[PDB]
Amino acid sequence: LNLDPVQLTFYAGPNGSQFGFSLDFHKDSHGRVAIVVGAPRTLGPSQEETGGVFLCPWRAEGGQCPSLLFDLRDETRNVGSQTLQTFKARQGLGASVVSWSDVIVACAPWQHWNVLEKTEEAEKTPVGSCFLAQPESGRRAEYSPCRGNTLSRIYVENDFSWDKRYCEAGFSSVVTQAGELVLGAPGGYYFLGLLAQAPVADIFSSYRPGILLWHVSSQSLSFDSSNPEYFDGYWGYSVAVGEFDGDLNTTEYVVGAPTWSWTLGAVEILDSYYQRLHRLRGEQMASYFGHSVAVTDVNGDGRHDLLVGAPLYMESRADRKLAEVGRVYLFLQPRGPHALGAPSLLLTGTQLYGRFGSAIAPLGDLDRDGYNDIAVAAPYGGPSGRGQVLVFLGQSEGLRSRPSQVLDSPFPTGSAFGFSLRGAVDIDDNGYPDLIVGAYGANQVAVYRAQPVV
């Protein structure tokens, strides 16, 4: 409703870096808010794409940002009569970023890995890897839970069980309030997808440079499966956390699996031990239900609600014709021990091929009426197809079915405006939570500042 579309702030990165592919707010030990920005194709040392991360101080005029530097060098370790290798070319550093406390977590889902032993090898595969930084102290750590030292022959003999070689750890990511990092790994267990969790504190204290294979014992991975419903389901494509079981001591996980069950799609809610609490099935095959998931209480009853985006949902139209426009589903959490039901609300896109629901961002309470609100992106939507972000206000009954405000992409065609979104933080300290929108295709980020209701 009250985001200002007249005076925006633009941050920019190098051409072709895909600056804006992922972003998040970051507070330093003093509570000063900055913006961390991923740029998955930033040029590395050998003039080869490795991705990169930028830490933008807040300034109304915006501009350029300093790098958050990480080691971009391939590594080799000859140990235990084996040769360990990390490959960082085209690893996509910054394909995801998240901030928790004074710590930043940036992931390279396509970092490759291999182990050699005589004439055998594990195979060079994209295990993915995450880099952790404490900007104010210069501390650095890594987390790469899918790295292994088993040779090919073994996987083949065991029928490819517990095969974490194509994890792509960090494809998505989130951190619990308590500081547990939860990585999505859509390629885990031969493309079923798995989740890797470990306390940030333990990642730092157990990491040393040059080891490559080390134990983080407090870590916890999800499980393999023989159930075909899960094959190629990309469980972990998206991830989020929230409270869904009534017990404030336990934290629950929300995992997107957009191709679950032969591309029907699904999203699941789990306890911290990866036991399934609820499962929500997609509505239409190939709609990519679970592409994005968002958690926030929208009807002010203190119970977290779930939103799921299916950006390729095809809406039914006159004369038995379907039109791809994308859709978002709202599930309100019921009182006491009960299972989520049919969605309470369906939001459907309008622009053909617009991909409404590609990203969903909690805004907190934008107009300060006591109900939390959301922003939904349609990266190729709008009458011009340049991209749109639509705001929906919370209400006692859920969400308003019509957008209170629409933000049209200020960038040129192909910018993918809205592909990444983040709200619920007051960056300029005027008492109203603000919105940042990535346009990786244009290598830029836009900041919308919330203002008093007109």
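In this text, residue numbers run from 1 along the sequence as written.
Here the stretch with the larger average CA B-factor, out of 203-211 and 95-103, is 203-211. Set 189-197 against 131-139 and average the Cα temperature factors; 131-139 ends up higher.
Among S238, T296, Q275, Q284, the highest C-alpha B-factor recorded in the PDB entry belongs to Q275.
Within the listed group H304, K88, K164, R355, the record reports its top CA B-factor for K164. Placement of the Cα temperature factor of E229 within the chain: middle third of the modelled residues, per the deposited record. For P311, the recorded CA temperature factor ranks within the lowest third of the chain's modelled residues. Among all modelled residues in this chain, the alpha-carbon of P45 has a temperature factor (C-alpha) in the highest third.
Sort the modelled residues of the chain by CA B factor and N2 lands in the lowest third. In this PDB entry, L181 carries a Cα temperature factor that places it within the middle third of its chain's modelled residues.
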